[PDB]
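Peer 1: From the sequence below, what's the structure:
(chains A and B)
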Amino acid sequence: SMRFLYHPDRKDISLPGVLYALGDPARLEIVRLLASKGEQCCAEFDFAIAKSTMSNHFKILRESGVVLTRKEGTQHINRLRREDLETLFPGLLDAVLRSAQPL
Amino acid sequence: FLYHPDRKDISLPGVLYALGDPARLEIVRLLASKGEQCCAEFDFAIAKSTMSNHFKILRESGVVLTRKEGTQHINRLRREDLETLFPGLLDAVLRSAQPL
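Peer 2: Numbers count the residues shown, from 1 in each chain, chains lettered A, B, ... in the order given. Structure data below:
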């Protein structure tokens, strides 16, 4: 494969949607890891979580506008939409990441 | 005061979850500018029990402190606690918050 999974346009990202997507210890930790380690394979996050719940987590991160997910080959690789979030919500990301605790 | 957690039990995912809703975010946005607000300043097209759950979520997550004065419920942003635990978060959020 060589394509990006569905992601909203900058136009359709809302502040409540982003906060909801960050509003979970697992998702917050995903974003924390994506912010510090760059792109990560979907399997990179082993949290002792039901795979259905982890799948829902990434889907929320994608649909909310936080995460850009790419499918290359068999696996899905995840990336923080840093420019989109900074342009829409200056200071939000750094404010959230400065306050997060390493899960 | 109504139910409210101790500062030790306020977490960031819980605060962000409480803010991650347009009605709840609107409540916080009003309380930040116009200060301690009683009463039905939060008149949205929402079920009464659902607006009540919104306030319960805001209280349980450590965002809002509510006290009863007469028949009225005076709500107050826990700015001190939130700034103490999560400096800059509230401003980062309010800077981009738009009226609903």
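Peer 1: Contact residues of chain A facing chain B?
Peer 2: A:14-25, A:27-28, A:88-92, A:94-96, A:98-101 (C-beta under 8 Å from any C-beta of the partner chain). (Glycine included, C-beta is placed from N, CA and C.)
Peer 1: Can you tell me the number of residues neighbouring residue A:1?
Peer 2: Number of residues near residue A:1 (other C-beta atoms under 10 Å in any protein chain shown) recorded here: 11.
Peer 1: Now do the same contact list for the residue nearest to the spatial centre of chain A.
Peer 2: Centroid-nearest residue in chain A: residue A:67, 3.5 Å away (criterion: C-alpha atoms, centre = their mean). Contacts for residue A:67 (C-beta atoms under 8 Å, 6 or more residues apart in numbering or on different chains) come out as A:7, A:30-31, A:34, A:58, A:61, A:78-81.
Peer 1: re earlier: from the residues of chain A next to chain B, list just the buried residues.
Peer 2: Buried subset of these (neighbour count, 16 or more other C-beta atoms under 10 Å in any protein chain shown): A:14-25, A:27-28, A:88-89, A:91-92, A:95-96, A:99-100.
Peer 1: Mind checking which of those are in helices?
Peer 2: A:15-22, A:25, A:27-28, A:88, A:92, A:95-96, A:99 (DSSP state H).
Peer 1: Go through stretch A:31-43 and flag the buried ones.
Peer 2: Neighbour-count burial for stretch A:31-43 flags A:31-34, A:40, A:42 (criterion: 16+ other C-beta under 10 Å).
Peer 1: okay if I get the residues you listed as CSV plus secondary structure?
Peer 2: CSV is the format used below for the buried residues of stretch A:31-43 (DSSP: H, G, I helix; E, B strand; the rest coil):
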residue, secondary structure
A:31, helix
A:32, helix
A:33, helix
A:34, helix
A:40, strand
A:42, helix
